[PDB]
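This report concerns only the one structure given below.
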Number of protein chains: 2
Amino acid sequence: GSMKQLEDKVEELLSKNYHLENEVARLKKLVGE
Amino acid sequence: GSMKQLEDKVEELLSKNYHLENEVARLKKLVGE
């Protein structure tokens with residue numbers, strides 16, 4: 001089927017999500033300090 | 001099965017991803033300007 005299709009999806013977006021979450025914090029401690 | 005489980009997953013993370021991507025840009029145009 002396409003089960004692994006959503007698997008890779010959840011994984012790609014999460015990996016991107018993670019880095020975004022990082023950049024958010026980084027920029028935040030910079031501009032708000 | 002659990003097809004919709006990964007469906008909601010891809011969707012939740014993406015919705016979160018989206019806002020993170022927003023915050024990244026926001027903070028970036030602030031600290032780097």
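Each chain in the structure tokens gets a letter, A, B, ..., in the order shown, and its residues are numbered from 1; ligands are numbered from 1 in order too.
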* Would you list which chain A residues are within 7 Å of chain B using only C-alpha atoms, as a PyMOL selection string? -> chain A and resi 3+6-7+9-10+13-14+17+20-21+23-24+27-28+30-31
